[PDB]
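**Student:** following this: a sequence and the matching experimental structure.
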Amino acid sequence: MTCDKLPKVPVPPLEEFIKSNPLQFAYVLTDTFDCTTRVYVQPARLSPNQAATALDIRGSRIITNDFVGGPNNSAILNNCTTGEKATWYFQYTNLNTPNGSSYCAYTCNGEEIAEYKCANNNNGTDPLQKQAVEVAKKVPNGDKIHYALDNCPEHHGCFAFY
Amino acid sequence: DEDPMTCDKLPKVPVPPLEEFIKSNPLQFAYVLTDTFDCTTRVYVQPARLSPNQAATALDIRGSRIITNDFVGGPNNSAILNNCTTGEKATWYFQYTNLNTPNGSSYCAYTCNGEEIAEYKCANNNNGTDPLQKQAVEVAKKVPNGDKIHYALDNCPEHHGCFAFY
Amino acid sequence: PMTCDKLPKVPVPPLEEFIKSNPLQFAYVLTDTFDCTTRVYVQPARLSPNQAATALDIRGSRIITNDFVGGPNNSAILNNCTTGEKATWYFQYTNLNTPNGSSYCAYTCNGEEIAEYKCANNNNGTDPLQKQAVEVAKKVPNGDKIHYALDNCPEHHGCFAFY
Amino acid sequence: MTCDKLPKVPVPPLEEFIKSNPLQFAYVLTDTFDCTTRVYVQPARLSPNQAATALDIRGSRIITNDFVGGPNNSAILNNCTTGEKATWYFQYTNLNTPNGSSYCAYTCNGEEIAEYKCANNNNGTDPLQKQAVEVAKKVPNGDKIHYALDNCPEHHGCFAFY
Ligand SMILES: [Cl-]
Ligand SMILES: [Cl-]
Ligand SMILES: [Cl-]
Ligand SMILES: [Cl-]
């Protein structure tokens, strides 16, 4: 019904995300994360805070966010370029099954969904992801959620980057 | 005894298993040859589950920009890199690797243009303290075109709350 | 001589005086780049329209090449043949083709600091001008890095000046 | 014609070679000396043997050989890196004419030609060089002699180096 009431599953251990690398976003809300590959990175050896990092790669450009665990099964992201914070949740995760990995994550503007990222490495075959997206679309501002992998740029010999 | 004097004669150690690189992530490039790779962080990525060739990827990240290369093993302990943007191929080698020691990880890699060095990337996650890395740089600098090799992490852009990205 | 910009700037000798000095070695340099290095001057190619001369800095199998032309204030403007990058060089002093051979010290500045320093000779470092020049340059900002360039160089294989 | 029977003109005085500096190789046998500039250097002041040196410069790589005169109008080259010796001869020299300088030099493996180097500073217009090259190409192994200056790297503002 509203963004603040969506499911908030536990954040999997970082190792489960690393084992899923790289993932593609099948469904997103803004057009920022169209044609985008996600790679998770462990903290640098010398990092005192030991925050992990989410990489959102679109061609030759990249958006980076450190993240740490927060209350209520949240991930708090710190944009590495702007220092902007955002509180994210997982609607569900299904990492490293015999059919690969998927998850849907979101961040809210009160009752509205501000951003939505559904990732997978199996070309969108997980039944959980289909049901998750249909739920999110009925939340306020979820009408903007759209399939993200149409009319993306041509590749030049790499599978997941371009 | 005597240092190799052309790029084609530099050492070529075995390419470590990808897992050793992933456990090193992320690394910084302390010394590079062209300015393209100044202020840069390396992240290695396993092949996509659905990739047929199962090529791993090297990410070279400089602020909001990235350079990506798929790679596979080749002859003579080479890694054959495929630039994901252009399709250009390059044969790389490791001068040495020293991954996942009790003092962290370093390596130096290179690619040649015949007897000259064309690019050089020395990475570490220990702020440059591995003695292997110091000696390797001294060696590489002395091959044709190696005088361009330089310390790459001076005067880099300020951060906004992340340790290894900006 | 307190700062790089105020170092002496003697006239660039005619090219033939440099050619008669060939080859030279660098006794003292600032960066690591020109350790264990031999310098050879070359006239312009017959067909070169600009008739720039060329400085060759040779270290084993590696060569660094710079065309050069005269500039203002007794400068030599070097054009790196691989990149097209320009650098303004001066001579702190020259003493070419004496009865005890040839020496000079040359430098390039980054404002008040010295960016690179090259003292060349063919007499194994015995010109008294060179000792004094080095002492002066060493006190300019960044000149603390100036060091003797010919320790522990590679072994030769039958040639005197190249390896 | 076999290599051992090619002409052997007198080695010109060093100063004639210095006056021709720099030269480029128009024709060579192995690919080592493609896209290459030759510079001759007098002996170092302190060199007891007083051997001159030939510099073969291909972009950022230099090959060095000291040389001294030998029997039969030979020049004996000493590779400064490996210590390997090789007996060279001049097929002809034509240094410092009003149309510039050319020469063709060679070294043999008995009856076969092991290496060939035709230098000039006039873009290949000396008639002596044309005839010399024709002769050498008919010697055993001389079929590998080729034009050396096609598709060479682009320059960055220097005429004879790159
Ligand atoms: Cl996400
Ligand atoms: Cl690398
Ligand atoms: Cl100099
Ligand atoms: Cl020759």
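**Tutor:** Perfect, thanks for sending it. Numbering: from 1, shown residues only, chains lettered A, B, ... in the order given. Ligands and ions are numbered 1, 2, ... in the order given.

**Student:** tilt between the strand or helix carrying residue A:54 and strand B:65-73?
**Tutor:** Secondary-structure element containing residue A:54, defined by DSSP states H and E: strand A:52-58. Counting by axes from the mean of the first three to the mean of the last three C-alpha atoms, to 10 degrees, strand A:52-58 points 90 degrees away from the direction of strand B:65-73.

**Student:** show me how far strand A:52-58 is from its chain's centre.
**Tutor:** Using C-alpha atoms, centre = their mean, to the nearest Å, the mean C-alpha position of strand A:52-58 is found 9 Å from that of the whole chain.

**Student:** so which residues make contact with that strand?
**Tutor:** By C-beta atoms under 8 Å, 6 or more residues apart in numbering or on different chains, the surrounding residues in contact with strand A:52-58 are A:14, A:33-43, A:62-68, A:77, A:80, A:161, B:26, B:43, B:59, B:61, B:66, B:68, B:162, B:164-165. To be clear about C-beta, it is placed using only N, CA and C from the backbone, and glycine gets the same treatment.

**Student:** list buried residues within those residues.
**Tutor:** With burial judged by 16 or more other C-beta atoms under 10 Å in any protein chain shown, the buried subset of the contacts of strand A:52-58 is A:33-43, A:62-67, A:77, A:80, A:161, B:26, B:43, B:59, B:61, B:66, B:68, B:162, B:164-165.

**Student:** near chain B, anything from stretch A:38-45?
**Tutor:** Yes - using C-beta under 8 Å from any C-beta of the partner chain, we find that stretch A:38-45 touches chain B at A:39, A:41-45.

**Student:** ugh, wrong one, I meant stretch A:139-158
**Tutor:** Yes - with C-beta under 8 Å from any C-beta as the measure, stretch A:139-158 is seen reaching chain B through A:155-158.

**Student:** got TSV for those, with secondary structure too?
**Tutor:** Supplementary listing: the residues of stretch A:139-158 next to chain B in TSV, determined by DSSP: H, G, I helix; E, B strand; the rest coil:
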residue	secondary structure
A:155	coil
A:156	coil
A:157	coil
A:158	coil
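
**Student:** residues making contact with the longest strand anywhere in chain A?
**Tutor:** Ranked by number of residues, the top strand in chain A under DSSP state E is strand A:85-97. Contacts with strand A:85-97, where a contact means C-beta under 8 Å, 6+ apart, come from A:6-12, A:16-17, A:19-20, A:65, A:67, A:70, A:72-79, A:101-108, A:114-115, A:126, A:128-129, A:132, A:135-136.

**Student:** in helices only, show me those residues.
**Tutor:** A:16-17, A:19-20, A:128-129, A:132, A:135-136 (DSSP state H).

**Student:** residues in contact with the spatially most central residue of chain A?
**Tutor:** Of all residues in chain A, the one closest to the mean position by C-alpha atoms, centre = their mean is residue A:117, 4.2 Å from it. Residues near residue A:117 by C-beta under 8 Å, 6+ apart: A:25, A:27-28, A:33, A:38, A:104-106.

**Student:** now render these as CSV, adding distance to ligand 3.
**Tutor:** Below are those laid out as CSV (distance: C-beta to the ion, whole Å):
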residue, distance to ligand 3
A:25, 57
A:27, 63
A:28, 59
A:33, 55
A:38, 53
A:104, 65
A:105, 60
A:106, 64
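
**Student:** beta-bridge partners for the closest residue to ligand 1 within chain A, please?
**Tutor:** Closest approach between chain A and ligand 1, counting by C-beta to the ion: residue A:117, at 3.4 Å. Counting by DSSP bridges, residue A:117 is bridged to residue A:28, residue A:105.

**Student:** mind checking the end-to-end distance for stretch A:63-78?
**Tutor:** 11 Å (C-alpha to C-alpha, to the nearest Å).

**Student:** same check on stretch A:68-86?
**Tutor:** Using C-alpha to C-alpha, the two ends of stretch A:68-86 sit 11 Å apart.

**Student:** how about that stretch and ligand 1, touching?
**Tutor:** No - judged by C-beta under 5 Å from the ion, stretch A:68-86 stays clear of ligand 1, getting no closer than 8.8 Å.

**Student:** ditto for stretch A:140-155
**Tutor:** No - using C-beta under 5 Å from the ion, stretch A:140-155 stays clear of ligand 1, with a minimum separation of 11.7 Å.

**Student:** now stretch A:35-45
**Tutor:** No - legend: contact between stretch A:35-45 and ligand 1 by C-beta under 5 Å from the ion is lacking; minimum distance shown is 6.1 Å.

**Student:** start to end distance for that stretch?
**Tutor:** End to end - C-alpha to C-alpha - stretch A:35-45 spans 31 Å.

**Student:** neighbouring contacts of that stretch?
**Tutor:** A:14, A:17-18, A:20-25, A:28, A:49-59, A:117, A:119, A:148-149, A:152-153, A:160-161, B:25-26, B:43, B:45, B:59, B:104-105, B:125-126, B:163-164.

**Student:** restrict those to contacts with ligand 4.
**Tutor:** Applying C-beta under 5 Å from the ion to those, one finds that nothing falls near ligand 4.

**Student:** give the contact list for whichever residue of chain A sits closest to chain D.
**Tutor:** Closest approach between chain A and chain D, counting by C-beta to the nearest C-beta: residue A:156, at 24.3 Å. Going by C-beta under 8 Å, 6+ apart, residue A:156 touches A:162, B:82-87.

**Student:** redo that, cut-off 7 Å
**Tutor:** Residue A:156 sits next to A:162, B:84-87 when contact means C-beta atoms under 7 Å, 6 or more residues apart in numbering or on different chains.

**Student:** residue A:62 now?
**Tutor:** A:55-56, B:61, B:64-66.

**Student:** likewise for residue A:46?
**Tutor:** Going by C-beta under 7 Å, 6+ apart, residue A:46 touches B:125, B:127.

**Student:** same check on residue A:63?
**Tutor:** Residues near residue A:63 by C-beta under 7 Å, 6+ apart: residue A:56.

**Student:** change it to 10 Å
**Tutor:** Neighbouring residues of residue A:63 by C-beta atoms under 10 Å, 6 or more residues apart in numbering or on different chains: A:32-33, A:36, A:54-57, A:79-82, B:64, B:165.

**Student:** for it, phi and psi?
**Tutor:** As for residue A:63, its main-chain torsions (degrees, to the nearest 10) stand at phi -110, psi 140.

**Student:** quick check: it vs ligand 2, distance?
**Tutor:** Separation of residue A:63 from ligand 2 (C-beta to the ion, to the nearest Å): 23 Å.

**Student:** beta partners for that residue?
**Tutor:** Counting by DSSP bridges, residue A:63 is bridged to residue A:56.

**Student:** thinking again about what came up before, is ligand 1 contacted by the strand holding residue A:54?
**Tutor:** No - residues of strand A:52-58 contacting ligand 1 under C-beta under 5 Å from the ion: none, with a closest distance of 6.5 Å.

**Student:** got it, and stretch A:103-114?
**Tutor:** Yes - Stretch A:103-114 lies within reach of ligand 1 by C-beta under 5 Å from the ion, at residue A:105.

**Student:** now the end-to-end length of that stretch.
**Tutor:** 17 Å.

**Student:** quick one: distance of it to the chain centre.
**Tutor:** 11 Å.

**Student:** can you check stretch A:53-66 too?
**Tutor:** Computed by C-alpha atoms, centre = their mean, the chain-centroid distance of stretch A:53-66 equals 11 Å.
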